[PDB]
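The file target.cif comes next; it holds mmCIF, C-alpha atoms.
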```
data_coords
#
loop_
_atom_site.label_atom_id
_atom_site.label_comp_id
_atom_site.auth_asym_id
_atom_site.auth_seq_id
_atom_site.Cartn_x
_atom_site.Cartn_y
_atom_site.Cartn_z
CA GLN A 1 140.59 121.12 15.05
CA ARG A 2 139.42 124.72 14.82
CA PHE A 3 136.72 124.02 17.42
CA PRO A 4 136.63 122.25 20.80
CA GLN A 5 134.58 119.08 21.14
CA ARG A 6 130.83 119.42 21.52
CA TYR A 7 127.94 116.94 21.44
CA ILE A 8 124.33 117.33 20.33
CA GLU A 9 121.83 114.63 21.38
CA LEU A 10 118.93 114.91 18.98
CA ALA A 11 115.32 113.92 19.32
CA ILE A 12 113.51 113.49 15.98
CA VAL A 13 109.72 113.41 15.89
CA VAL A 14 107.99 112.10 12.73
CA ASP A 15 104.42 113.33 12.48
CA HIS A 16 101.32 111.44 11.45
CA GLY A 17 101.24 112.84 7.94
CA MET A 18 104.82 111.71 7.36
CA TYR A 19 103.98 108.31 8.90
CA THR A 20 101.15 107.96 6.39
CA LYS A 21 103.37 109.17 3.53
CA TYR A 22 105.78 106.31 4.17
CA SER A 23 103.01 103.70 4.16
CA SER A 24 102.71 103.60 7.95
CA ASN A 25 105.94 101.57 7.91
CA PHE A 26 107.91 102.18 11.11
CA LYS A 27 110.99 100.31 9.84
CA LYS A 28 111.24 102.33 6.66
CA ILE A 29 110.75 105.56 8.64
CA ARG A 30 113.41 104.64 11.20
CA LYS A 31 115.89 103.81 8.40
CA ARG A 32 115.20 107.14 6.71
CA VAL A 33 115.66 109.06 9.97
CA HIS A 34 118.93 107.28 10.70
CA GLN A 35 120.21 108.15 7.20
CA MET A 36 119.31 111.78 7.88
CA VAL A 37 121.18 111.76 11.19
CA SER A 38 124.24 110.17 9.56
CA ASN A 39 124.25 113.08 7.10
CA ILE A 40 123.81 115.73 9.84
CA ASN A 41 126.70 114.07 11.70
CA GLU A 42 128.87 114.21 8.56
CA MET A 43 128.07 117.86 7.98
CA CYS A 44 128.95 118.77 11.56
CA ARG A 45 132.29 116.92 11.47
CA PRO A 46 134.21 120.08 10.55
CA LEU A 47 132.61 121.91 13.54
CA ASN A 48 133.80 119.09 15.83
CA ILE A 49 130.25 118.37 17.02
CA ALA A 50 129.32 114.71 17.48
CA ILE A 51 125.65 114.23 16.56
CA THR A 52 123.61 111.35 18.03
CA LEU A 53 120.00 110.30 17.85
CA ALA A 54 118.89 110.14 21.46
CA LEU A 55 115.22 109.59 20.74
CA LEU A 56 112.94 108.82 17.82
CA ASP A 57 109.22 109.36 18.24
CA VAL A 58 106.87 108.37 15.39
CA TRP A 59 103.28 109.61 15.74
CA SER A 60 101.70 106.45 14.42
CA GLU A 61 98.19 107.18 15.68
CA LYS A 62 97.56 110.93 15.53
CA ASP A 63 99.31 114.29 15.73
CA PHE A 64 99.83 115.54 19.28
CA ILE A 65 99.96 119.16 18.18
CA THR A 66 98.23 121.00 15.36
CA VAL A 67 100.90 120.77 12.59
CA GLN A 68 99.71 123.72 10.57
CA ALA A 69 100.73 125.83 7.60
CA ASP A 70 102.55 128.58 9.51
CA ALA A 71 105.96 127.08 10.36
CA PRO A 72 106.75 129.50 13.18
CA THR A 73 103.37 128.75 14.83
CA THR A 74 103.97 125.02 14.45
CA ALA A 75 107.45 125.46 15.94
CA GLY A 76 106.07 127.17 19.02
CA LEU A 77 103.48 124.41 19.57
CA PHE A 78 106.22 121.85 19.05
CA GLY A 79 108.56 123.53 21.49
CA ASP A 80 105.80 123.50 24.09
CA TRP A 81 105.06 119.82 23.58
CA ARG A 82 108.81 119.07 23.51
CA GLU A 83 109.32 120.71 26.89
CA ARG A 84 106.20 119.25 28.49
CA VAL A 85 106.24 115.77 27.04
CA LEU A 86 109.29 114.78 24.99
CA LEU A 87 111.95 115.93 27.47
CA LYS A 88 110.18 113.89 30.14
CA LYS A 89 110.59 110.71 28.09
CA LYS A 90 114.35 111.08 27.59
CA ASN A 91 116.71 114.00 27.95
CA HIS A 92 118.17 115.45 24.75
CA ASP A 93 119.53 118.78 23.56
CA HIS A 94 117.55 119.66 20.46
CA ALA A 95 114.45 118.29 18.79
CA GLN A 96 113.24 118.50 15.20
CA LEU A 97 109.75 117.74 13.93
CA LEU A 98 109.69 116.17 10.46
CA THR A 99 106.44 116.55 8.52
CA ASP A 100 104.91 116.38 5.06
CA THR A 101 102.92 119.59 5.73
CA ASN A 102 102.88 122.06 2.88
CA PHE A 103 104.07 124.98 5.00
CA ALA A 104 103.04 128.44 3.97
CA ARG A 105 105.31 130.72 1.97
CA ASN A 106 107.00 127.75 0.34
CA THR A 107 108.75 127.09 3.63
CA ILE A 108 110.78 123.90 3.97
CA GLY A 109 112.27 124.54 7.44
CA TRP A 110 112.29 126.94 10.36
CA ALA A 111 114.01 127.22 13.75
CA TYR A 112 114.67 129.68 16.54
CA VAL A 113 118.03 131.45 16.28
CA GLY A 114 120.70 130.73 18.89
CA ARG A 115 118.58 128.87 21.36
CA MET A 116 120.40 125.53 21.45
CA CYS A 117 119.74 123.73 24.76
CA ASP A 118 116.72 125.84 25.68
CA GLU A 119 113.91 123.62 26.94
CA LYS A 120 111.35 125.24 24.67
CA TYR A 121 113.38 126.89 21.92
CA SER A 122 115.96 124.25 21.05
CA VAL A 123 113.73 123.02 18.22
CA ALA A 124 113.21 123.17 14.47
CA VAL A 125 110.43 122.10 12.12
CA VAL A 126 111.38 120.58 8.77
CA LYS A 127 109.37 119.53 5.76
CA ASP A 128 110.28 116.13 4.21
CA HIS A 129 110.43 118.07 0.93
CA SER A 130 112.47 115.79 -1.33
CA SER A 131 112.78 112.10 -2.05
CA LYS A 132 116.55 112.80 -1.77
CA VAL A 133 117.57 112.12 1.81
CA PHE A 134 120.44 114.59 1.60
CA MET A 135 118.19 117.47 0.62
CA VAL A 136 116.09 116.96 3.73
CA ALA A 137 119.13 116.34 5.90
CA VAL A 138 120.85 119.52 4.80
CA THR A 139 117.60 121.40 5.63
CA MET A 140 117.70 119.85 9.13
CA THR A 141 121.37 120.91 9.36
CA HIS A 142 120.58 124.47 8.18
CA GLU A 143 117.96 124.78 10.94
CA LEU A 144 120.34 123.27 13.50
CA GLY A 145 122.87 125.92 12.34
CA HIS A 146 120.39 128.71 13.05
CA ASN A 147 119.80 127.22 16.51
CA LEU A 148 123.61 127.35 17.03
CA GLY A 149 123.56 131.11 16.32
CA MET A 150 124.22 131.15 12.60
CA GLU A 151 122.58 133.61 10.20
CA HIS A 152 122.56 133.20 6.44
CA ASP A 153 125.77 133.43 4.48
CA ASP A 154 126.51 136.96 3.18
CA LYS A 155 128.82 137.51 0.20
CA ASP A 156 130.60 140.43 1.83
CA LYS A 157 131.56 138.21 4.75
CA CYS A 158 132.38 134.98 2.94
CA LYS A 159 132.41 133.70 -0.62
CA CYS A 160 130.75 130.30 -0.50
CA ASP A 161 127.76 130.11 -2.81
CA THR A 162 126.18 126.78 -1.93
CA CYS A 163 127.12 126.20 1.68
CA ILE A 164 124.69 124.95 4.32
CA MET A 165 123.61 128.40 5.50
CA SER A 166 123.04 129.77 1.98
CA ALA A 167 119.93 132.00 2.03
CA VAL A 168 118.19 129.55 -0.33
CA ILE A 169 118.73 125.82 -0.90
CA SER A 170 119.68 124.68 -4.41
CA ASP A 171 120.06 121.54 -6.48
CA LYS A 172 123.86 121.92 -6.13
CA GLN A 173 123.69 122.26 -2.34
CA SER A 174 127.03 121.67 -0.68
CA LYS A 175 127.54 119.70 2.55
CA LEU A 176 129.96 122.34 3.86
CA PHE A 177 129.58 125.19 6.31
CA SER A 178 131.00 128.50 5.04
CA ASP A 179 133.49 130.67 6.90
CA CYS A 180 130.52 132.95 7.77
CA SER A 181 128.96 129.98 9.55
CA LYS A 182 132.08 128.90 11.35
CA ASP A 183 132.63 132.51 12.52
CA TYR A 184 129.03 132.65 13.85
CA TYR A 185 129.59 129.35 15.67
CA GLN A 186 132.79 130.73 17.26
CA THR A 187 130.79 133.75 18.41
CA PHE A 188 128.13 131.42 19.84
CA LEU A 189 130.70 129.33 21.76
CA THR A 190 132.33 132.48 23.11
CA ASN A 191 129.19 134.40 24.10
CA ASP A 192 126.52 131.78 24.85
CA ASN A 193 128.44 128.50 25.33
CA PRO A 194 125.40 126.46 26.41
CA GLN A 195 126.18 123.74 28.90
CA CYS A 196 124.14 120.88 27.46
CA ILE A 197 126.34 120.40 24.44
CA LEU A 198 129.47 120.22 26.56
CA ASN A 199 128.10 116.95 27.95
CA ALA A 200 128.98 113.73 26.13
CA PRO A 201 126.27 111.02 26.20
#
```
Encoded form (structure tokens):
Amino acid sequence: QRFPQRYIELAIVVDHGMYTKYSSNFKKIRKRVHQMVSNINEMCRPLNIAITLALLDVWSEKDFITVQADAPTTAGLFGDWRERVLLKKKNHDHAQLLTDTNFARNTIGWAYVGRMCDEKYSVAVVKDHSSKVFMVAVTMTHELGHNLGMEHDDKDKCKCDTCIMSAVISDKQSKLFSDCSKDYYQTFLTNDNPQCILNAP
């Protein structure tokens, strides 16, 4: 394996709009979230990172934060709530909020760069923007990649055209991380090496 073993315990929060979208059916939502996690786990296999779903929270009554059009603003409110409320329910390493919100600027996902394990900044916000589970899962994986210190693929640095960290998603989206991405992850493990992902569940 090119990389040493790491583990990311995810918390996934499904907002009220997404709950409504899926006919307020908890079972159906849980199945969809598990299928997403199985895809994130598959995509991280070449990075030697075992991905688990530590916690699933479905906002079946109302939104606990204002899930608004600006994704970065929503991410900050989510990181705050994650630190103050979600982490108190069960420890986990990274949390993503899934929503049906039509984020501004045609945004389908957003996350802080290189802040994996941070109590407030180890988060991403992702729009459930396709009926295709894989398309949403690869968006979750792209944001996870940013949180692991990855920037977008650059043709001078690597040749992959449809890898996970491509600057823009496409219909032909690949499930692979480019060499640009693997090199950024190596840099992250060497310079940041956060302790929470060294810990197996």
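CA of residue 33 (chain A) lies 20.0 Å from CA of residue 174 (chain A).
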Check which residues of region 29-64 of chain A sit at most 9 Å from region 4-25 of chain A using all atoms listed in the file, and return one row each with the closest pair of atoms and their distance in Å to one decimal, ordered by chain and rising number, as CSV.
```
residue,atom,partner,partner_atom,distance
A:29,CA,A:25,CA,6.3
A:30,CA,A:25,CA,8.7
A:33,CA,A:12,CA,7.8
A:37,CA,A:10,CA,8.7
A:47,CA,A:4,CA,8.3
A:48,CA,A:5,CA,5.4
A:49,CA,A:6,CA,4.7
A:50,CA,A:7,CA,4.7
A:51,CA,A:8,CA,5.1
A:52,CA,A:9,CA,5.0
A:53,CA,A:10,CA,4.9
A:54,CA,A:9,CA,5.4
A:55,CA,A:11,CA,4.6
A:56,CA,A:12,CA,5.1
A:57,CA,A:13,CA,4.7
A:58,CA,A:14,CA,4.7
A:59,CA,A:16,CA,5.1
A:60,CA,A:16,CA,5.8
A:61,CA,A:16,CA,6.8
A:62,CA,A:16,CA,5.6
A:63,CA,A:16,CA,5.5
A:64,CA,A:15,CA,8.5
```
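In this model, the gap between CA of residue 155 (chain A) and CA of residue 175 (chain A) comes to 18.0 Å.
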Original post:
Can you list, as a ChimeraX atom specification, every protein, DNA or RNA residue that comes within 8 Å of residue 173 (chain A) when you count only C-alpha atoms, leaving out same-chain residues fewer than 6 positions away?
Top reply: /A:135,162-164
Near residue 180 (chain A), counting all atoms listed in the file, which residues have an atom at most 7 Å away, once you skip same-chain residues fewer than 4 positions from it, shown as an mmCIF file with C-alpha atoms, in the frame of the given file?
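Final output, around-v4.cif:
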```
data_model
loop_
_atom_site.group_PDB
_atom_site.id
_atom_site.type_symbol
_atom_site.label_atom_id
_atom_site.label_comp_id
_atom_site.auth_asym_id
_atom_site.auth_seq_id
_atom_site.Cartn_x
_atom_site.Cartn_y
_atom_site.Cartn_z
ATOM 1 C CA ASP A 153 125.770 133.430 4.480
ATOM 2 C CA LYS A 157 131.560 138.210 4.750
ATOM 3 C CA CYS A 158 132.380 134.980 2.940
ATOM 4 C CA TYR A 184 129.030 132.650 13.850
#
```
Original post:
For residue 120 (chain A), which residue among A:147, A:107, A:66, A:101 is the nearest when counting all atoms listed in the file?
Top reply: A:147
Would you place a box with edges along x, y and z of the file around all atoms of region 139-155 of chain A listed there, add 8 Å to each of its six sides, and report the centre and edge lengths in Å to one decimal, as AutoDock Vina command-line options?
```
--center_x 123.2 --center_y 128.7 --center_z 8.6 --size_x 27.2 --size_y 33.7 --size_z 32.8
```
Original post:
Near residue 141 (chain A), within 8 Å and counting all atoms listed in the file, which residues show up once chain neighbours fewer than 4 positions away are dropped, as a PyMOL selection string?
Top reply: chain A and resi 40+43+137+145+164
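You can rank A:39, A:91, A:68, A:130 by their closest distance to residue 103 (chain A) using only C-alpha atoms, and at the top of that list sits A:68.
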Original post:
Given the choices A:27, A:127, A:32, A:90, which gets closest to residue 74 (chain A) if the distance is worked out from all atoms listed in the file?
Top reply: A:127
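Taking CA of residue 26 (chain A) and CA of residue 146 (chain A) as the two end points, the separation is 29.4 Å.
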